[PDB]
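An overview of the molecular structure
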Amino acid sequence: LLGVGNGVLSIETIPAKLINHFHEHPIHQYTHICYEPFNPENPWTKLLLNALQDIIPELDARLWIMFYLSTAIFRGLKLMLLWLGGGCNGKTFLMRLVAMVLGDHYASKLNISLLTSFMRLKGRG
Amino acid sequence: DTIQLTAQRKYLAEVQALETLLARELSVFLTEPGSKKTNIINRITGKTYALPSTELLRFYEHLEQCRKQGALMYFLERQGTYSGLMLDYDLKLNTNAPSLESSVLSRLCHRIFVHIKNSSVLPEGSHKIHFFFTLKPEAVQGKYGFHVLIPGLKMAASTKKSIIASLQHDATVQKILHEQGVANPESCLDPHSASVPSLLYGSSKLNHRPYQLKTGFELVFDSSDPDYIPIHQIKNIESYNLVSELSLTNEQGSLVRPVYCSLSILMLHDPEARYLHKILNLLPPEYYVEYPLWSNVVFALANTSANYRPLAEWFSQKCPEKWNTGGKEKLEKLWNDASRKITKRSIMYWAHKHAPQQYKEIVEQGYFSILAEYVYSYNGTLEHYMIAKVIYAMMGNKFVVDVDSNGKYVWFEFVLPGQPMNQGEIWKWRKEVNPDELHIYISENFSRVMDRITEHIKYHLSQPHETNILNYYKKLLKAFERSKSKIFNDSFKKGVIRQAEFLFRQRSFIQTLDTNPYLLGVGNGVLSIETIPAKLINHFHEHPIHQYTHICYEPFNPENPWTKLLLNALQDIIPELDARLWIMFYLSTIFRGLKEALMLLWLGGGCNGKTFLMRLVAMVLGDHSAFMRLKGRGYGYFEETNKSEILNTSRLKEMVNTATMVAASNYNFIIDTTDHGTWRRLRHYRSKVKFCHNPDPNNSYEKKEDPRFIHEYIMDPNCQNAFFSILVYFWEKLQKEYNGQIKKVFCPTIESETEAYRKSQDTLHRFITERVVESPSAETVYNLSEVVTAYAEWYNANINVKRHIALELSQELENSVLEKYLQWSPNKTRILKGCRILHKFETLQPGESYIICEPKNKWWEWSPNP
């Protein structure tokens with residue numbers, strides 16, 4: 001269960017059901033990113049599908065990465081990725097977009113100084 | 001006029017019994033308005049009822065119980081086609097009251113019965129017909145009236161219209177009234193009497209006294225053989241249920257016998273909406289004819305409450321000219337826009353601005369009313385929450401409470417001119433440890449309302465009532481006197497404040513405080529940079545602004561001597577037009593929002609103004625573990641540099657990923673970074689002017705020094721005022737020219753200086769500029785290892801003998817300016833495409849290449865060149 005701007009998002013069953021009424025689920029954490037049903041005809045939807053395919057044209061790699069990043073919405077038992085890039089390659093845009101879409105409650109910034117030389121990952125997805 | 005009905009419904013049992021009856025078991029008979037089934041109208045509540053006779057009897061007897069004690073009611077009954085007969089006689093008086101003697105009334109009854117016996121349906125046989133004469137308590141402004149009620153007769157509406165038409169031109173009644181001081185006895189009978197619904201006996205109109213039954217006559221008519229009508233008087237009329245007897249539609253009368261011949265809704269059931277309707281009338285007419293004002297008013301109404309639509313038409317209906325011509329869809333579009341910033345505080349502000357005395361009277365009456373129902377509803381015992389409610393209604397526009405990070409309630413106040421205050425805090429929100437203003441206010445201003453309710457109680461005590469009402473009011477006065485002094489008690493005052501901490505609570509206030517970067521707090525008010533030209537706000541507004549600066553703000557005045565000398569000093573510091581404009585445009589971005597990272601390294605020889613301006617820029621705009629010092633600031637630079645001008649660490653790049661940061665130094669830097677991303681957001685400038693006691697006339701780099709600049713003008717407020725005006729002027733110029741984008745500013749001198757300084761500081765930048773030349777005709781393809789070897793040779797033969805490593809060179813080049821030049825080869829390798837690399841000491845081939853605003857006296861004005 002995830003707290004979003006317009007309610008509580010449940011990933012128990014496919015398709016996901018939005019809880020926008022009275023319920024007895026004990027949900028307290030939330031993020032400002034509202035959820036809407038997937039519209040492939042939405043201009044912003046297709047604009048992002050275009051941007052994602054431009055960043056990673058290679059379909060196996062794109063599908064694997066976007067499936068891997070689709071696990072960010074799941075905050076239970078879970079692989080570490082080392083994705084390289086010279087710069088202005090679209091990785092910073094997508095990683096910042098993931099951070100903002102998941103929120104500070106669910107997503108956290110990690111500093112490379114810690115690994116080179118812990119509690120901020122508490123219950124994060 | 002609501003206090004007495006509240007109190008009459010507070011100390012008149014019969015009234016409370018009637019209220020319980022009507023609210024509980026007469027409520028099932030509610031009828032939608034306009035239904036033909038409705039027989040009773042309640043003006044006050046506005047609710048319509050359809051009572052069957054079985055409950056109508058109890059209704060009428062409850063009213064009669066209520067009426068005998070003098071309680072005021074405003075009821076009505078709807079008489080339809082077939083009901084009793086009602087005559088209205090608004091007698092006009094030459095001198096302000098006719099006697100209406102009993103013998104005269106007998107004459108009038110005999111003449112109206114002649115016209116009823118004439119020209120009519122009447123049942124055959126012997127029958128009883130009753131007449132009643134209710135008279136006005138007193139003639140007002142020489143205007144008297146009395147009524148004739150005939151509940152016994154039952155005829156159609158047209159038959160009543162025929163009867164009243166025949167009475168209108170009757171000379172007998174008119175000449176009877178000629179000596180009665182009746183100016184026009186002809187025009188006294190209202191024809192609409194047979195159609196307009198009649199008020200029940202004992203009821204009356206707003207601020208009108210009910211009619212009093214002077215006497216009631218009874219007549220016996222025998223259609224079998226009329227010989228003489230025996231007009232006599234009804235005995236013991238007082239021992240009867242007069243409301244039940246005199247009802248036109250009643251059929252169960254003991255003596256009277258049947259002889260068979262929306263914006264309004266919203267204001268009603270919403271007292272505070274009714275308050276808003278009362279106060280909106282104070283607006284001058286321009287507010288609904290001028291779009292800007294009407295749109296703002298409806299935008300505030302919609303934002304505060306979405307159910308105020310009918311009121312929105314009503315205010316729009318104040319001008320039928322624009323309301324009928326396009327008003328409907330304009331209002332709908334405005335409502336849709338608002339539903340998809342301004343509240344009633346602005347509306348009260350405007351009302352106080354335009355109609356002060358009416359505003360004061362309206363608000364005082366509202367406060368009196370509110371604390372009055374609190375007084376009556378609890379028999380004169382006042383507790384903390386009631387006082388809190390009255391205070392919140394009274395000062396809902398000056399104090400705000402919100403929970404800070406410590407979980408403690410925090411008080412905020414909007415500062416108004418004329419009260420003690422720290423300088424530069426006007427028209428802004430200040431944090432208060434304790435709400436001292438409320439603590440004084442409850443003792444001082446509130447006691448006025450308490451005295452108002454005290455003087456009202458004494459008034460009702462003086463007026464003639466029965467004994468029980470007097471005993472009630474004596475007890476109420478005693479209780480209110482006991483409860484009156486508590487508002488000065490410290491514990492009571494503290495409890496009231498704690499209780500009001502919940503009403504005044506406005507959620508999300510602290511997180512919205514000073515959030516908008518397009519507003520600045522200044523000494524004389526709040527500065528706005530939303531649009532050009534800049535505007536200074538020194539009036540009431542809903543902007544949540546707490547932080548401020550001590551600089552007063554004035555519009556750009558070129559003729560100002562301080563502005564003139566400031567412009568000349570600025571020209572002296574940076575003689576070049578392009579450099580001066582670049583520095584001033586950059587220094588003018590006070591902006592507390594999203595700012596770029598054009599990290600500027602301002603060099604100079606000292607006593608050039610760079611150090612002077614470095615401290616000077618801090619004074620004009622100050623506040624807007626070292627990393628956290630940039631949170632919320634809009635600018636800020638460092639100074640006082642030693643020879644040890646190296647970058648702070650490997651973390652020296654981490655401080656520039658919402659304030660403009662500029663590096664000022666006595667010498668060129670030791671920073672020496674090795675990436676093109678790093679160097680692209682870095683700028684360099686070195687001062688050329690020298691300020692000295694004896695400037696060289698032949699040297700433009702030497703000018704007369706002004707030691708008075710550094711110790712008196714900087715402490716002179718007007719200097720900072722002019723500096724702030726100059727800064728906001730240059731800011732407006734930048735956004736009106738380049739849409740606010742600083743990369744669009746042309747800086748050939750500064751760009752050249754930065755290029756040269758980078759050539760000095762980075763060995764990779766030097767190699768690119770010296771040995772890498774773009775060449776489309778160069779068919780040679782240069783690979784990663786080849787570039788590494790060429791750079792190694794260049795470093796060895798020009799810089800120093802050193803053993804290089806290809807691993808770092810590959811990354812350094814892939815993250816260099818050659819990122820687009822090092823295109824991917826078919827083997828994924830990094831190769832040089834469309835460009836050439838020089839070998840040992842060659843030169844560029846033909847066609848290859850290495851990889852104006854002139855000073856004016858009015859330089860601060862517009863520049864023709866983009």
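Residues numbered from 1 in each chain as written, not as in the entry; some residues may be left out. Chains lettered and ligands numbered in written order. Part of a larger assembly, values for the part shown. Heavy atoms only, no water. Residues with missing side-chain atoms left out of burial classes, pairs and counts.

Determination of this PDB entry was carried out by cryo-EM to a resolution of 3.67 Å, according to the record.

Here's the deal with the sheet that holds strand β19 (residues 682-686) of chain B
Residues and elements named next belong to chain B. Spatial strand order, β18-β17-β19: three strands in an open sheet with parallel pairing. Two strands bound the open sheet, and with one partner strand each, they are β18 (662-665) and β19. Across the sheet, the mean angle from the axis of one strand to that of its neighbour is 15°, orientation sign disregarded. Judged from the five bridges that link them, strand β17 (residues 599-603) and β19 form a sheet pairing that is parallel. In the sheet register, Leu 603 faces β19, and the bridge partner there is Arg 686. (Pairing = 2+ DSSP bridges. Helix = DSSP H or I, 4+ residues; strand = E, 2+ residues; numbered from the N terminus. Axes fitted to C-alpha atoms, helices over the stretch in contact; angles between N-to-C directions.)

With respect to the packing of helix α17 (residues 384-394) of chain B against helix α21 (residues 490-503) of chain B
Residues and elements named next belong to chain B. At a minimum axis distance of 8 Å, the contact between α17 and α21 shows a crossing angle of 60°. Put simply, α17 runs oblique to α21. Both α17 and α21 take part in a crossing whose hand is right-handed. Counted together, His 384, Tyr 385, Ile 387, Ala 388, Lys 389 and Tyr 392 of α17 and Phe 492, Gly 495, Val 496, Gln 499, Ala 500 and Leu 503 of α21 form the full contact between these two elements. Class assignment of the residues belonging to the contact of α17 with α21 gives a composition of eight nonpolar, three polar and one charged. (Parallel < 35°, antiparallel > 145°, perpendicular 65-115°, else oblique. Left-handed = near helix turned anticlockwise from the far one by under 90°. Contact = heavy atoms within 4.5 Å. Nonpolar A, V, L, I, M, F, W, Y, C, P; charged D, E, K, R; others polar.)

Focus: the packing of aromatic side chains
All names here are of chain B. Between the aromatic rings of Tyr 291 and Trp 294, the centroid separation amounts to 5.9 Å while the plane-to-plane angle is 80°, which identifies the pairing as edge-to-face. With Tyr 291 and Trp 294 both in helix α11 (residues 291-304) and three residues apart, the pair spans about one turn of that helix. Of the aromatic side chains, those joined through ring pairs into one cluster are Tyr 349, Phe 412, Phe 414, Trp 427, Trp 429, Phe 509 and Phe 540. (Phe/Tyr/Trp six-rings, centres within 6.5 Å; stacked < 30°, edge-to-face > 60°.)

Observations concerning the UniProt feature "binding site: Mn(2+)" (unreviewed entry) in chain B
All names here are of chain B. Per the UniProt record, "binding site: Mn(2+)" (unreviewed entry) is annotated on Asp 88, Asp 90 and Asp 190. Tracing the backbone shows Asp 90 in strand β5 (residues 83-92). Aside from chain neighbours lying at most four places away, what touches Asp 90 is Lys 143, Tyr 144, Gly 145, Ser 187 and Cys 188. Looking at the element boundaries, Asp 190 is found in the loop between α6 (171-178) and β8 (212-222). (UniProt positions renumbered as here; feature names shortened; annotations may be inferred.)

Observations concerning the pattern of salt bridges
Close approach of charged atoms lets side chains of opposite charge pair. All names here are of chain B. The partner of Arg 430 in a salt bridge is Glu 413, with the nearest N and O atoms 3.8 Å apart. Of the two residues, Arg 430 is situated in strand β13 (residues 429-432) and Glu 413 in strand β12 (residues 409-414); the sequence distance between them amounts to 17 residues. A salt bridge links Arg 430 to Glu 432; the shortest N-O distance between them is 3.1 Å. Three or more residues are tied together by salt bridges with common partners; here these are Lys 398, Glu 413, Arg 430, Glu 432 and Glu 437. (Salt bridge = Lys/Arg side-chain N within 4 Å of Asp/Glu carboxyl O.)

Regarding the sheet that holds strand β11 (residues 399-403) of chain B
All names here are of chain B. With antiparallel pairing, three strands are arranged side by side in an open sheet as β11-β12-β13. The open sheet is flanked by β11 and β13, the only strands paired with a single partner. Adjacent strand axes in the sheet meet at a mean angle of 35°, parallel and antiparallel pairs treated alike. Examined bridge by bridge, β11 and β12 share five bridges and lie antiparallel to one another. Looking at β12, one finds that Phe 399 is bridged to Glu 413.

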